[PDB]
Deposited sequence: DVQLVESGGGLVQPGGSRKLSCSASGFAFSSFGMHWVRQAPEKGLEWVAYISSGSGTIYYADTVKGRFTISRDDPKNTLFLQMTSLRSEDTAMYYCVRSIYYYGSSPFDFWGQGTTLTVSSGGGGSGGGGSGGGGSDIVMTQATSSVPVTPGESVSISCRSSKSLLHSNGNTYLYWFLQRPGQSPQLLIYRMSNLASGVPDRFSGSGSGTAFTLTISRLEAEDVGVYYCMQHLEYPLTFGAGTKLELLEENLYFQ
């Protein structure tokens, strides 16, 4: 089965260095681009770095550029993140994310379990922080972007993720309308221009969690604040 196991996290002193590893099994690692995404405690998701398939393209976030180095070992199916000059702002759970890019693909479909590190631009807005919900009732979640995510090729590069309590984020909607594999049809993504809505018909207990909207129109990838659903 598809697996992504992170290791190397732990308590480090400020200004130190730490090496994060992501071992991949059950899929063609060399065919997938890889991202590092971190989540500060009691905070939302934050994109860190990206390395393409074949290691030809590498991108970094501005807050980490120059201090973090991302690399991969295709024969060993291992993804690396070399970190230096670690600050207290870097204390977060770091997730290993696979993403393949071709016509009709679903990037960000699988997330790793994450590793915890403790140290001693289009704006995506989710104004509604929390929504009280009851099972069997329809819920809508709204997302906004400072720039239009609709490209001239007809795609709207908006993604929806669900992070259940204690679990890694899961892809629900990719490119603002398509439903991710393994996701019930009750989830539906609708949007236009800068305003997007995620409709959840017949809400269930499993749907409880935090929902993040991410833009993939251009780098750096930015996440919304997140909308929490509670019973």
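Stretches of the deposited sequence absent from the structure, as judged by C-alpha coordinates, are 121-136, 248-255.
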